[PDB]
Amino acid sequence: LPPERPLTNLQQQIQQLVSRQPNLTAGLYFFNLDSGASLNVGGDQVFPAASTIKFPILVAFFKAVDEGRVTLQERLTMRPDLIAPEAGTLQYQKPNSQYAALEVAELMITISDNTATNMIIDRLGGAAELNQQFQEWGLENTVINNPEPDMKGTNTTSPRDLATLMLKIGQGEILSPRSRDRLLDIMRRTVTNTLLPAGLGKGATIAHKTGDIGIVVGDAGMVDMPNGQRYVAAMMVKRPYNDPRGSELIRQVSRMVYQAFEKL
């Protein structure tokens, strides 16, 4: 990869947009794989992860598959202690009913299924075991403190953690080629695309995972531009409950960066 080269001008403009919003606290990190152009505006700060942490969890899932510790077809049980409200469809099924591991992992991501997420976290050895794995990958502030949906926001991450994990995955680290491609497919098929994707130009594609606990909103992933360029992106915003300004801010920053890389 090319060296990191701050886009000083654009960084400055984003910090201005951010800082002139009273009751929002934003953090973001973008990195262009071709040019090395980078953007870091509160990117290292710790945020409640909300559902963005499901991305690291998915990586851990496919790591276990690669290592033969989990199989794609093994049956996982929706135990009463794992059932969780908020996003998801498994919660409406019979307690102790069973699902193929890959189906559960996919639902965790595509619809942010919180029951599926608890099922996967439990199958992979629990929170502590995953927290250890996240540290191994260089995620410094990505920690699972409680089950999902974790509406209180106890589980943490950072924009830099999320984007750098995606950088590694994009570049073929951590996961096998088969698992990598499965992961990217799943992360192209999520149902919440009102944040980073809404700032992208026609023909761009994005593998990503959103998170929203009302009090925090964020998104992270990898964008492929029609011009051939690739970049990773992550942004988190602390907001008043369901404040549309927080989600619009992500859209605005997504658009600014997309258009900057278009012109460059």
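All residue numbers are counted from 1 along the displayed sequence.
- Taking the PDB entry as given, 85-93 carries the higher mean Cα B factor of the two stretches 108-116 and 85-93.
- Comparing 221-229 with 27-35, the higher mean C-alpha B-factor in the PDB entry belongs to 27-35.
- Remark: of 154, 190, 142, 164, 154 shows the highest value [criterion: C-alpha B-factor in the PDB entry].
- Ranked by Cα temperature factor within the chain, residue 168 sits in the lowest third according to the deposited record.
- Placement of the Cα temperature factor of residue 159 within the chain: middle third of the modelled residues, per the deposited record.
- Per the deposited record, the Cα B-factor of residue 212 falls in the middle third when ranked against the other modelled residues of its chain.
- When the modelled residues of the chain are ordered by their C-alpha B factor, residue 150 lands in the highest third.
- Among the modelled residues of its chain, residue 203 has a C-alpha B-factor that falls in the middle third, as given in the PDB entry.
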